[PDB]
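As stored in target.cif (mmCIF, C-alpha atoms and all ligand atoms):
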data_work
loop_
_atom_site.label_atom_id
_atom_site.label_comp_id
_atom_site.auth_asym_id
_atom_site.auth_seq_id
_atom_site.Cartn_x
_atom_site.Cartn_y
_atom_site.Cartn_z
CA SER A 1 0.00 0.00 0.00
CA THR A 2 0.84 3.69 -0.23
CA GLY A 3 -0.59 7.03 0.87
CA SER A 4 -0.18 10.59 -0.39
CA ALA A 5 -1.51 13.72 1.31
CA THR A 6 -1.06 17.44 0.72
CA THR A 7 0.33 19.47 3.61
CA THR A 8 -0.51 23.20 3.80
CA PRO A 9 1.11 26.08 5.74
CA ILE A 10 -1.12 27.38 8.55
CA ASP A 11 -0.18 31.01 7.94
CA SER A 12 1.84 33.35 5.73
CA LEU A 13 5.09 32.61 7.62
CA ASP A 14 5.00 28.79 7.31
CA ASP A 15 4.88 28.57 11.12
CA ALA A 16 3.63 24.99 10.79
CA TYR A 17 1.92 22.73 8.26
CA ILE A 18 -1.39 20.87 8.49
CA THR A 19 -2.38 17.65 6.75
CA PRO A 20 -5.93 16.26 6.63
CA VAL A 21 -6.42 12.96 8.46
CA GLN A 22 -9.52 10.74 8.47
CA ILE A 23 -10.36 9.27 11.89
CA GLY A 24 -13.20 6.88 12.68
CA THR A 25 -16.30 5.53 10.96
CA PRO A 26 -17.85 7.47 9.33
CA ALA A 27 -14.69 9.51 8.77
CA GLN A 28 -14.06 12.58 10.88
CA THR A 29 -11.47 14.72 9.10
CA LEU A 30 -9.07 16.65 11.32
CA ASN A 31 -6.12 18.79 10.22
CA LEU A 32 -3.05 17.52 12.06
CA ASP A 33 0.50 18.78 12.42
CA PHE A 34 2.79 15.96 11.26
CA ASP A 35 5.72 16.00 13.68
CA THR A 36 8.84 13.91 13.00
CA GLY A 37 10.09 15.10 16.42
CA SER A 38 7.41 13.37 18.53
CA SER A 39 5.53 10.09 18.65
CA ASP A 40 1.97 10.72 19.84
CA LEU A 41 -1.10 11.04 17.62
CA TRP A 42 -3.39 13.29 19.68
CA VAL A 43 -6.49 15.28 18.82
CA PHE A 44 -8.81 17.94 20.14
CA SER A 45 -11.96 16.04 21.05
CA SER A 46 -15.40 16.01 22.63
CA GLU A 47 -13.52 15.35 25.90
CA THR A 48 -11.35 18.49 25.71
CA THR A 49 -12.08 21.09 28.42
CA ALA A 50 -14.57 23.40 26.74
CA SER A 51 -12.78 26.64 27.65
CA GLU A 52 -9.63 25.26 25.95
CA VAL A 53 -11.29 24.76 22.56
CA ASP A 54 -11.41 27.82 20.25
CA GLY A 55 -12.25 27.02 16.64
CA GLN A 56 -10.56 23.61 16.28
CA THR A 57 -12.34 20.65 14.74
CA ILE A 58 -12.88 17.92 17.35
CA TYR A 59 -12.91 14.15 17.24
CA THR A 60 -16.02 12.67 18.88
CA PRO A 61 -15.34 8.98 19.57
CA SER A 62 -18.97 8.29 20.56
CA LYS A 63 -19.93 9.00 16.92
CA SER A 64 -17.42 6.47 15.56
CA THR A 65 -18.59 2.87 15.27
CA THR A 66 -14.97 1.67 15.16
CA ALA A 67 -13.76 3.62 18.23
CA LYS A 68 -12.87 1.62 21.34
CA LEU A 69 -11.65 3.02 24.65
CA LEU A 70 -8.20 1.73 25.44
CA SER A 71 -9.04 0.94 29.03
CA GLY A 72 -6.80 2.47 31.67
CA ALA A 73 -4.53 4.23 29.19
CA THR A 74 -3.52 7.86 29.67
CA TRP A 75 -1.03 10.16 27.99
CA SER A 76 0.72 13.42 28.79
CA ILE A 77 3.27 15.26 26.68
CA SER A 78 5.41 18.39 26.96
CA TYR A 79 6.99 19.80 23.80
CA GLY A 80 10.24 21.68 23.23
CA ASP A 81 8.43 25.01 22.94
CA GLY A 82 6.86 24.56 26.38
CA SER A 83 3.39 23.61 25.17
CA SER A 84 1.62 20.51 26.47
CA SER A 85 -1.46 18.32 26.33
CA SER A 86 -2.86 15.20 28.03
CA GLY A 87 -5.85 12.88 28.14
CA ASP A 88 -7.09 9.33 27.53
CA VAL A 89 -6.87 6.95 24.56
CA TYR A 90 -9.08 5.26 21.99
CA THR A 91 -8.15 2.92 19.18
CA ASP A 92 -9.81 3.68 15.84
CA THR A 93 -9.31 3.58 12.09
CA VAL A 94 -7.01 6.29 10.80
CA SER A 95 -6.35 7.09 7.14
CA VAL A 96 -3.83 9.48 5.60
CA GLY A 97 -3.95 10.15 1.88
CA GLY A 98 -5.63 6.83 1.16
CA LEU A 99 -3.45 4.73 3.50
CA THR A 100 -5.48 3.09 6.27
CA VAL A 101 -4.40 1.76 9.67
CA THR A 102 -6.87 -0.10 11.85
CA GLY A 103 -6.43 -0.10 15.61
CA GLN A 104 -4.36 3.09 15.70
CA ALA A 105 -4.01 4.71 19.10
CA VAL A 106 -5.83 8.05 18.94
CA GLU A 107 -4.99 10.08 22.01
CA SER A 108 -7.96 12.20 23.04
CA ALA A 109 -7.06 15.49 24.73
CA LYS A 110 -8.75 16.36 28.00
CA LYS A 111 -6.39 19.30 28.51
CA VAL A 112 -4.30 21.42 26.15
CA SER A 113 -2.03 24.36 26.93
CA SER A 114 -2.77 27.91 25.85
CA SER A 115 -0.69 27.89 22.65
CA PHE A 116 -2.79 25.01 21.29
CA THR A 117 -6.08 26.69 22.22
CA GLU A 118 -4.87 29.90 20.59
CA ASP A 119 -4.10 28.19 17.27
CA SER A 120 -7.46 27.44 15.66
CA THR A 121 -5.84 25.87 12.59
CA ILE A 122 -4.26 22.83 14.28
CA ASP A 123 -6.65 20.07 15.43
CA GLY A 124 -3.87 17.90 16.86
CA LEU A 125 -0.50 16.27 16.14
CA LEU A 126 0.54 13.12 14.31
CA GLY A 127 3.93 11.98 15.57
CA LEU A 128 6.42 10.36 13.19
CA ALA A 129 9.48 9.96 15.41
CA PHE A 130 10.28 6.51 16.85
CA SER A 131 7.61 4.80 18.94
CA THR A 132 9.99 4.61 21.92
CA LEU A 133 9.04 8.26 22.62
CA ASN A 134 5.28 7.60 22.74
CA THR A 135 3.84 8.79 26.07
CA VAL A 136 0.90 6.40 26.54
CA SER A 137 0.90 4.68 29.91
CA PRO A 138 0.89 1.92 31.08
CA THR A 139 1.18 0.36 27.59
CA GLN A 140 3.21 2.41 25.12
CA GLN A 141 1.61 2.74 21.69
CA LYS A 142 2.96 2.74 18.14
CA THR A 143 3.00 5.64 15.69
CA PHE A 144 0.88 5.66 12.54
CA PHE A 145 4.03 4.97 10.50
CA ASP A 146 5.10 2.02 12.61
CA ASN A 147 1.63 0.50 12.40
CA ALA A 148 1.51 1.01 8.62
CA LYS A 149 5.06 -0.07 7.85
CA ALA A 150 4.60 -3.77 7.16
CA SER A 151 1.77 -2.99 4.72
CA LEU A 152 3.71 -0.32 2.80
CA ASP A 153 5.32 -1.04 -0.58
CA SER A 154 8.57 0.27 0.94
CA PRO A 155 9.09 1.10 4.64
CA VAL A 156 9.52 4.84 4.10
CA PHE A 157 7.77 8.15 4.25
CA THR A 158 8.82 11.42 2.62
CA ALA A 159 8.42 15.09 3.52
CA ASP A 160 8.24 17.66 0.74
CA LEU A 161 7.37 20.90 2.50
CA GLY A 162 6.65 24.03 0.47
CA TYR A 163 7.93 27.56 0.92
CA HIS A 164 4.84 29.73 1.26
CA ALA A 165 3.01 26.95 -0.61
CA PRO A 166 1.52 23.48 -0.14
CA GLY A 167 3.65 20.35 -0.24
CA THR A 168 3.29 16.61 0.23
CA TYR A 169 3.71 13.75 2.69
CA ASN A 170 4.02 10.37 0.96
CA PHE A 171 3.96 6.96 2.65
CA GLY A 172 5.38 3.80 1.14
CA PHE A 173 7.06 5.16 -1.99
CA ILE A 174 9.57 7.70 -3.30
CA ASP A 175 8.19 10.05 -5.97
CA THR A 176 11.13 10.34 -8.34
CA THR A 177 9.49 13.35 -10.05
CA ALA A 178 9.53 15.41 -6.83
CA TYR A 179 13.26 16.19 -6.61
CA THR A 180 16.23 17.09 -8.78
CA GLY A 181 19.50 15.18 -8.99
CA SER A 182 20.04 12.28 -6.59
CA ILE A 183 19.05 11.56 -3.01
CA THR A 184 22.00 11.41 -0.61
CA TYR A 185 21.45 9.07 2.30
CA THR A 186 23.02 9.50 5.71
CA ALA A 187 23.14 7.48 8.94
CA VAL A 188 20.56 7.84 11.71
CA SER A 189 20.88 7.23 15.43
CA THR A 190 17.62 6.18 17.08
CA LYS A 191 19.16 6.23 20.59
CA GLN A 192 17.21 9.35 21.65
CA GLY A 193 14.09 8.30 19.72
CA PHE A 194 14.57 10.95 17.02
CA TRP A 195 15.61 11.01 13.36
CA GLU A 196 19.06 12.06 14.52
CA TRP A 197 21.85 12.50 11.97
CA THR A 198 25.11 14.40 11.45
CA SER A 199 25.47 17.17 8.93
CA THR A 200 28.93 17.51 7.39
CA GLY A 201 29.08 21.31 7.57
CA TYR A 202 27.79 24.64 6.33
CA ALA A 203 28.31 27.73 4.21
CA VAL A 204 26.94 31.26 4.51
CA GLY A 205 25.86 32.85 1.24
CA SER A 206 28.57 32.52 -1.42
CA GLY A 207 31.17 31.81 1.27
CA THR A 208 33.46 28.81 1.53
CA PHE A 209 32.09 25.56 2.96
CA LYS A 210 33.19 24.79 6.52
CA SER A 211 33.59 21.06 7.13
CA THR A 212 32.38 20.33 10.62
CA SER A 213 30.13 17.67 12.14
CA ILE A 214 26.76 18.97 13.33
CA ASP A 215 24.61 16.38 15.11
CA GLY A 216 20.92 17.22 14.96
CA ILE A 217 17.38 16.02 14.36
CA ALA A 218 15.11 16.23 11.34
CA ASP A 219 11.99 17.75 12.90
CA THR A 220 9.01 18.76 10.80
CA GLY A 221 7.25 19.96 13.98
CA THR A 222 9.79 22.71 14.68
CA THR A 223 9.50 25.89 12.60
CA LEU A 224 13.07 27.16 12.63
CA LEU A 225 16.64 25.96 12.14
CA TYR A 226 18.52 25.73 15.46
CA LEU A 227 22.30 25.36 15.21
CA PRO A 228 25.38 25.90 17.42
CA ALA A 229 26.00 29.49 18.52
CA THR A 230 29.24 29.68 16.51
CA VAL A 231 27.45 28.78 13.27
CA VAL A 232 24.54 31.12 13.92
CA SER A 233 26.86 34.02 14.78
CA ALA A 234 28.73 33.47 11.50
CA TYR A 235 25.45 33.62 9.56
CA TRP A 236 24.05 36.78 11.15
CA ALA A 237 27.40 38.60 10.99
CA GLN A 238 26.75 38.78 7.23
CA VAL A 239 23.54 40.78 7.74
CA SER A 240 23.97 44.49 8.46
CA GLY A 241 22.24 45.47 11.66
CA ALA A 242 21.45 41.93 12.79
CA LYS A 243 21.77 41.24 16.51
CA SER A 244 20.71 38.80 19.19
CA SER A 245 17.96 40.34 21.31
CA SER A 246 17.39 38.88 24.77
CA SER A 247 14.05 40.71 24.98
CA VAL A 248 12.75 39.24 21.74
CA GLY A 249 14.37 35.84 22.37
CA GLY A 250 16.81 35.47 19.48
CA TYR A 251 18.39 37.02 16.43
CA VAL A 252 16.54 39.86 14.75
CA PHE A 253 17.46 41.85 11.68
CA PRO A 254 16.32 44.98 9.84
CA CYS A 255 13.32 44.16 7.66
CA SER A 256 15.06 46.18 4.90
CA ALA A 257 17.83 43.55 4.63
CA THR A 258 18.35 41.04 1.87
CA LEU A 259 19.30 37.80 3.61
CA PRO A 260 22.10 35.49 2.41
CA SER A 261 21.47 31.84 1.75
CA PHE A 262 22.57 29.10 4.13
CA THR A 263 23.97 25.79 2.91
CA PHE A 264 24.15 22.59 4.97
CA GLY A 265 26.03 19.40 4.15
CA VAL A 266 24.58 15.93 3.76
CA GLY A 267 27.61 13.74 3.21
CA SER A 268 29.32 15.19 0.14
CA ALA A 269 26.04 16.79 -1.03
CA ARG A 270 24.77 20.29 -0.27
CA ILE A 271 21.31 21.67 0.45
CA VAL A 272 20.87 25.41 -0.10
CA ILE A 273 18.30 27.30 1.94
CA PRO A 274 17.48 30.56 0.09
CA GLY A 275 17.76 33.71 2.12
CA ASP A 276 14.04 34.46 1.86
CA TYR A 277 13.28 31.20 3.75
CA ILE A 278 15.11 32.68 6.77
CA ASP A 279 12.80 35.74 7.06
CA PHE A 280 10.03 35.31 9.68
CA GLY A 281 8.75 38.83 9.40
CA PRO A 282 8.13 41.68 11.84
CA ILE A 283 8.58 40.83 15.51
CA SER A 284 5.26 42.57 16.13
CA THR A 285 2.76 44.08 13.70
CA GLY A 286 4.19 47.18 12.03
CA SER A 287 7.73 46.71 13.35
CA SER A 288 10.76 47.17 11.11
CA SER A 289 12.64 44.56 13.15
CA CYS A 290 12.24 41.07 11.69
CA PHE A 291 12.72 37.68 13.35
CA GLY A 292 15.41 35.39 12.00
CA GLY A 293 14.81 31.83 10.87
CA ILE A 294 18.21 30.58 12.03
CA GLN A 295 18.63 30.62 15.80
CA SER A 296 21.03 29.25 18.41
CA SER A 297 20.44 25.79 19.84
CA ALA A 298 22.62 26.59 22.87
CA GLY A 299 19.76 26.48 25.41
CA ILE A 300 18.16 23.32 23.94
CA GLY A 301 20.76 20.56 24.15
CA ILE A 302 20.29 19.45 20.55
CA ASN A 303 20.53 20.97 17.06
CA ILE A 304 17.25 21.02 15.14
CA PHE A 305 16.83 20.86 11.38
CA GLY A 306 13.29 22.25 11.46
CA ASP A 307 11.01 23.41 8.66
CA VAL A 308 13.34 26.22 7.51
CA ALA A 309 15.91 23.56 6.56
CA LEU A 310 13.62 20.71 5.57
CA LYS A 311 11.48 22.81 3.20
CA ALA A 312 14.60 23.40 1.09
CA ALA A 313 14.80 19.62 0.41
CA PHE A 314 12.95 16.47 -0.50
CA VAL A 315 13.45 14.35 2.61
CA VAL A 316 13.25 10.55 2.87
CA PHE A 317 12.59 9.03 6.29
CA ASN A 318 13.72 5.46 5.71
CA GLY A 319 12.31 3.13 8.38
CA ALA A 320 14.09 0.00 7.25
CA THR A 321 15.59 -2.26 9.93
CA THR A 322 18.51 0.15 10.06
CA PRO A 323 16.88 3.56 9.55
CA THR A 324 18.51 6.28 7.43
CA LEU A 325 17.63 9.77 6.16
CA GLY A 326 17.83 10.93 2.56
CA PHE A 327 18.04 14.48 1.23
CA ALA A 328 17.69 15.79 -2.30
CA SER A 329 17.48 19.26 -3.77
CA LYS A 330 14.21 20.12 -5.51
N1 LIG B 1 8.81 18.63 17.46
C1 LIG B 1 8.74 18.07 18.83
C2 LIG B 1 9.29 19.05 19.86
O1 LIG B 1 8.81 18.69 21.16
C3 LIG B 1 10.81 19.06 19.88
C4 LIG B 1 11.50 20.25 20.02
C5 LIG B 1 12.88 20.27 20.15
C6 LIG B 1 13.54 19.07 20.13
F1 LIG B 1 14.90 19.08 20.23
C7 LIG B 1 12.90 17.87 20.00
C8 LIG B 1 11.53 17.88 19.87
#

Take the structure in the file and give it back as structure tokens.
Ligand SMILES: NC[C@@H](O)c1ccc(F)cc1
Amino acid sequence: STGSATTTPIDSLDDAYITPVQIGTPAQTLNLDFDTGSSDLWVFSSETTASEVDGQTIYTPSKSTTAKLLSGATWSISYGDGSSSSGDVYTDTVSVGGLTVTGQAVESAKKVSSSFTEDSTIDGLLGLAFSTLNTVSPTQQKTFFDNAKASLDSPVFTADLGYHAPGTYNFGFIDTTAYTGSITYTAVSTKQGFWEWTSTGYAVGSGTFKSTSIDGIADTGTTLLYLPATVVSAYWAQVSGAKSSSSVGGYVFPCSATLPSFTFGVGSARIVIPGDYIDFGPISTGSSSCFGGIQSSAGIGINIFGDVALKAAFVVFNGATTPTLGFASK
């Protein structure tokens, strides 16, 4: 089997992407944030505290003939950005782009933190990291990808995120028309439960490539590119007027600037992020100070190849017995 679904930016800055997902019988379609940095499939629901729902589409398990309470199971998750959610668990039929999994754990939110409530466009998350990170207790549950894997033509999914435009998540096949040149594959460590890999270096604009190992994660659920302070300082030093602002919480730059590109290495291959991809617009409405899309990972403990980086590539998440990651230009 295979699946193919379009993923769409939630706003004009590409802050996140949503992908329609069919849950239950008859189908209830919710727009979920596919997150290769976490491993829980959770949704706003009929059980979510009413004051914490503001415009989201909810899953109502009582209206699904295939929903079954997973007795005694609870979940609770805290994300890198400080947001969180928790609740109980059903199993139900879940389909993405024509690919169907029966008996998928669907984690029903009883509580969500303010940032979720405040984002009416995201109805929940669909985790695509390794199932070892799944938070369901007392019986840990598998991701949609893990459940689907044995049925897929090939044990892979791909992320093709657009810049200010829709893109695609494919399951079970590699669309050879969706990228240019060849795909370069690189080793993954699953020890922390992430799609963790090591970039071979970077360049700023038309500058020379610096060969240096940068260990990080491929995370579709993180907006920005978070790299070591040395790398980030080298990037922003090429932008007149750019500075790190403790009050804003990172590097800002004059909105009048033209940003240089940023290149990262994948083995001997190179992925170029155009400068425009690094512009996240005014820090507040009407400001001439703009927020940068490359930020320091120093306070995080891990480097993060988030959407800013991933959207510049066609990315293969290879879930073979020994997982790997592939990157191509597009
Ligand atoms: N995208 C999941 C989010 O919780 C996350 C953020 C940062 C990180 F290093 C790992 C995961």

Practice item. Using only C-alpha atoms, find the one residue out of A:81, A:11, A:92, A:123 that sits nearest to residue 299 in chain A. Key: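 Checking each of A:81, A:11, A:92, A:123 against residue 299 in chain A, counting only C-alpha atoms, the winner is A:81.
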
Give me the residues near residue 112 in chain A as a PDB file with C-alpha atoms, in the coordinates of the input, where near means some atom within 10 Å (using only C-alpha atoms) and where sequence neighbours in that chain fewer than 2 positions away do not count.
ATOM      1  CA  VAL A  43      -6.490  15.280  18.820  1.00  0.00           C
ATOM      2  CA  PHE A  44      -8.810  17.940  20.140  1.00  0.00           C
ATOM      3  CA  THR A  48     -11.350  18.490  25.710  1.00  0.00           C
ATOM      4  CA  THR A  49     -12.080  21.090  28.420  1.00  0.00           C
ATOM      5  CA  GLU A  52      -9.630  25.260  25.950  1.00  0.00           C
ATOM      6  CA  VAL A  53     -11.290  24.760  22.560  1.00  0.00           C
ATOM      7  CA  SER A  76       0.720  13.420  28.790  1.00  0.00           C
ATOM      8  CA  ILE A  77       3.270  15.260  26.680  1.00  0.00           C
ATOM      9  CA  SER A  83       3.390  23.610  25.170  1.00  0.00           C
ATOM     10  CA  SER A  84       1.620  20.510  26.470  1.00  0.00           C
ATOM     11  CA  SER A  85      -1.460  18.320  26.330  1.00  0.00           C
ATOM     12  CA  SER A  86      -2.860  15.200  28.030  1.00  0.00           C
ATOM     13  CA  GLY A  87      -5.850  12.880  28.140  1.00  0.00           C
ATOM     14  CA  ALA A 109      -7.060  15.490  24.730  1.00  0.00           C
ATOM     15  CA  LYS A 110      -8.750  16.360  28.000  1.00  0.00           C
ATOM     16  CA  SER A 114      -2.770  27.910  25.850  1.00  0.00           C
ATOM     17  CA  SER A 115      -0.690  27.890  22.650  1.00  0.00           C
ATOM     18  CA  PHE A 116      -2.790  25.010  21.290  1.00  0.00           C
ATOM     19  CA  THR A 117      -6.080  26.690  22.220  1.00  0.00           C
ATOM     20  CA  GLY A 124      -3.870  17.900  16.860  1.00  0.00           C
TER      21      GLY A 124
END

Please identify every residue of chain A that has at least one atom no farther than 6 Å from an atom of ligand LIG 1 (chain B), counting only C-alpha atoms and all ligand atoms, and for each give the shortest atom pair and the distance in Å to one decimal, arranged by chain then increasing number, as a tab-separated table.
residue	atom	partner	partner_atom	distance
A:35	CA	B:LIG1	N1	5.5
A:37	CA	B:LIG1	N1	3.9
A:38	CA	B:LIG1	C1	4.9
A:79	CA	B:LIG1	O1	3.4
A:80	CA	B:LIG1	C4	3.7
A:219	CA	B:LIG1	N1	5.6
A:221	CA	B:LIG1	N1	4.0
A:222	CA	B:LIG1	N1	5.0
A:302	CA	B:LIG1	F1	5.4
A:304	CA	B:LIG1	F1	5.9

Review point. Which distance in Å separates CA of residue 175 in chain A and CA of residue 197 in chain A, to one decimal?
Key: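 Between CA of residue 175 in chain A and CA of residue 197 in chain A the gap works out to 22.7 Å.
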
Would you give me, as JSON lines, each residue of range 153-265 of chain A having an atom within 12 Å of an atom of range 95-98 of chain A, along with its shortest atom pair and that distance in Å to one decimal, using all atoms listed in the file and sorting by chain and residue number?
{"residue": "A:157", "atom": "CA", "partner": "A:96", "partner_atom": "CA", "distance": 11.8}
{"residue": "A:168", "atom": "CA", "partner": "A:97", "partner_atom": "CA", "distance": 9.8}
{"residue": "A:169", "atom": "CA", "partner": "A:97", "partner_atom": "CA", "distance": 8.5}
{"residue": "A:170", "atom": "CA", "partner": "A:97", "partner_atom": "CA", "distance": 8.0}
{"residue": "A:171", "atom": "CA", "partner": "A:97", "partner_atom": "CA", "distance": 8.6}
{"residue": "A:172", "atom": "CA", "partner": "A:97", "partner_atom": "CA", "distance": 11.3}

Take the selection from the previous step and output its residues with C-alpha atoms, as an mmCIF file, in the frame of the given file.
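That gives us out_14.cif:
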data_model
loop_
_atom_site.group_PDB
_atom_site.id
_atom_site.type_symbol
_atom_site.label_atom_id
_atom_site.label_comp_id
_atom_site.auth_asym_id
_atom_site.auth_seq_id
_atom_site.Cartn_x
_atom_site.Cartn_y
_atom_site.Cartn_z
ATOM 1 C CA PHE A 157 7.770 8.150 4.250
ATOM 2 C CA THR A 168 3.290 16.610 0.230
ATOM 3 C CA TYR A 169 3.710 13.750 2.690
ATOM 4 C CA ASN A 170 4.020 10.370 0.960
ATOM 5 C CA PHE A 171 3.960 6.960 2.650
ATOM 6 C CA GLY A 172 5.380 3.800 1.140
#

Point to revise | One-decimal distance in Å that lies between CA of residue 32 in chain A and CA of residue 283 in chain A | key: 26.3 Å

**Study point:** Distance in Å - CA of residue 215 in chain A versus CA of residue 144 in chain A
**Key:**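 Straight-line distance from CA of residue 215 in chain A to CA of residue 144 in chain A works out to 26.2 Å.
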
Point to revise | Nearest-residue call for residue 280 in chain A, choices A:5, A:294, A:231, A:50, using only C-alpha atoms | key: A:294

Review point. Of the candidates A:51, A:266, A:306, A:188, which shows the shortest atom-to-atom distance to residue 118 in chain A, using all atoms listed in the file?
Key: A:51

Exercise for review: Would you list the residues near (20.7, 11.5, 16.2), meaning any protein, DNA or RNA residue with an atom at most 10 Å from that point in file coordinates, counting all atoms listed in the file, as a ChimeraX atom specification?
Suggested key: /A:187-198,215-218,302-303

Those same residues - C-alpha atoms - I'd like them written as a PDB file, in the coordinates of the input.
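What ended up in part09.pdb:
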ATOM      1  CA  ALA A 187      23.140   7.480   8.940  1.00  0.00           C
ATOM      2  CA  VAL A 188      20.560   7.840  11.710  1.00  0.00           C
ATOM      3  CA  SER A 189      20.880   7.230  15.430  1.00  0.00           C
ATOM      4  CA  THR A 190      17.620   6.180  17.080  1.00  0.00           C
ATOM      5  CA  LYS A 191      19.160   6.230  20.590  1.00  0.00           C
ATOM      6  CA  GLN A 192      17.210   9.350  21.650  1.00  0.00           C
ATOM      7  CA  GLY A 193      14.090   8.300  19.720  1.00  0.00           C
ATOM      8  CA  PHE A 194      14.570  10.950  17.020  1.00  0.00           C
ATOM      9  CA  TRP A 195      15.610  11.010  13.360  1.00  0.00           C
ATOM     10  CA  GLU A 196      19.060  12.060  14.520  1.00  0.00           C
ATOM     11  CA  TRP A 197      21.850  12.500  11.970  1.00  0.00           C
ATOM     12  CA  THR A 198      25.110  14.400  11.450  1.00  0.00           C
ATOM     13  CA  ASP A 215      24.610  16.380  15.110  1.00  0.00           C
ATOM     14  CA  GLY A 216      20.920  17.220  14.960  1.00  0.00           C
ATOM     15  CA  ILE A 217      17.380  16.020  14.360  1.00  0.00           C
ATOM     16  CA  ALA A 218      15.110  16.230  11.340  1.00  0.00           C
ATOM     17  CA  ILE A 302      20.290  19.450  20.550  1.00  0.00           C
ATOM     18  CA  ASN A 303      20.530  20.970  17.060  1.00  0.00           C
TER      19      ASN A 303
END

Could you get me a file of range 80-97 of chain A with N, CA and C atoms, as a PDB file, in the first residue's frame, taken from the block above?
ATOM      1  N   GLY A  80       9.074  20.814  23.130  1.00  0.00           N
ATOM      2  CA  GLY A  80      10.237  21.676  23.234  1.00  0.00           C
ATOM      3  C   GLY A  80       9.918  23.147  23.418  1.00  0.00           C
ATOM      4  N   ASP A  81       8.782  23.593  22.885  1.00  0.00           N
ATOM      5  CA  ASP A  81       8.428  25.009  22.939  1.00  0.00           C
ATOM      6  C   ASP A  81       7.670  25.343  24.224  1.00  0.00           C
ATOM      7  N   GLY A  82       7.502  24.350  25.095  1.00  0.00           N
ATOM      8  CA  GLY A  82       6.860  24.557  26.377  1.00  0.00           C
ATOM      9  C   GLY A  82       5.374  24.256  26.396  1.00  0.00           C
ATOM     10  N   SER A  83       4.808  23.946  25.236  1.00  0.00           N
ATOM     11  CA  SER A  83       3.389  23.614  25.173  1.00  0.00           C
ATOM     12  C   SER A  83       3.175  22.181  25.641  1.00  0.00           C
ATOM     13  N   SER A  84       1.928  21.823  25.923  1.00  0.00           N
ATOM     14  CA  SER A  84       1.621  20.505  26.472  1.00  0.00           C
ATOM     15  C   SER A  84       0.166  20.123  26.267  1.00  0.00           C
ATOM     16  N   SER A  85      -0.109  18.835  26.435  1.00  0.00           N
ATOM     17  CA  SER A  85      -1.464  18.318  26.329  1.00  0.00           C
ATOM     18  C   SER A  85      -1.507  16.941  26.993  1.00  0.00           C
ATOM     19  N   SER A  86      -2.703  16.484  27.349  1.00  0.00           N
ATOM     20  CA  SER A  86      -2.859  15.204  28.031  1.00  0.00           C
ATOM     21  C   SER A  86      -4.295  14.720  27.913  1.00  0.00           C
ATOM     22  N   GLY A  87      -4.501  13.422  28.118  1.00  0.00           N
ATOM     23  CA  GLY A  87      -5.845  12.880  28.140  1.00  0.00           C
ATOM     24  C   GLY A  87      -5.897  11.367  28.214  1.00  0.00           C
ATOM     25  N   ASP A  88      -6.915  10.781  27.576  1.00  0.00           N
ATOM     26  CA  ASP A  88      -7.086   9.327  27.526  1.00  0.00           C
ATOM     27  C   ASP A  88      -6.956   8.840  26.080  1.00  0.00           C
ATOM     28  N   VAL A  89      -7.251   7.570  25.825  1.00  0.00           N
ATOM     29  CA  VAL A  89      -6.871   6.950  24.556  1.00  0.00           C
ATOM     30  C   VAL A  89      -7.973   6.063  24.022  1.00  0.00           C
ATOM     31  N   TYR A  90      -8.220   6.180  22.727  1.00  0.00           N
ATOM     32  CA  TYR A  90      -9.082   5.262  21.990  1.00  0.00           C
ATOM     33  C   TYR A  90      -8.226   4.588  20.937  1.00  0.00           C
ATOM     34  N   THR A  91      -8.654   3.430  20.456  1.00  0.00           N
ATOM     35  CA  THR A  91      -8.148   2.916  19.182  1.00  0.00           C
ATOM     36  C   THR A  91      -9.237   3.130  18.133  1.00  0.00           C
ATOM     37  N   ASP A  92      -8.839   3.450  16.907  1.00  0.00           N
ATOM     38  CA  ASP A  92      -9.811   3.675  15.840  1.00  0.00           C
ATOM     39  C   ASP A  92      -9.081   3.570  14.511  1.00  0.00           C
ATOM     40  N   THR A  93      -9.848   3.628  13.434  1.00  0.00           N
ATOM     41  CA  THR A  93      -9.312   3.578  12.091  1.00  0.00           C
ATOM     42  C   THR A  93      -8.847   4.961  11.688  1.00  0.00           C
ATOM     43  N   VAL A  94      -7.620   5.029  11.179  1.00  0.00           N
ATOM     44  CA  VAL A  94      -7.012   6.294  10.796  1.00  0.00           C
ATOM     45  C   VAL A  94      -6.473   6.155   9.380  1.00  0.00           C
ATOM     46  N   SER A  95      -6.824   7.101   8.515  1.00  0.00           N
ATOM     47  CA  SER A  95      -6.349   7.085   7.141  1.00  0.00           C
ATOM     48  C   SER A  95      -5.683   8.405   6.797  1.00  0.00           C
ATOM     49  N   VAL A  96      -4.565   8.313   6.087  1.00  0.00           N
ATOM     50  CA  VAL A  96      -3.833   9.479   5.603  1.00  0.00           C
ATOM     51  C   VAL A  96      -3.622   9.315   4.108  1.00  0.00           C
ATOM     52  N   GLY A  97      -4.230  10.172   3.303  1.00  0.00           N
ATOM     53  CA  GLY A  97      -3.954  10.155   1.879  1.00  0.00           C
ATOM     54  C   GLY A  97      -4.232   8.813   1.229  1.00  0.00           C
TER      55      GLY A  97
END
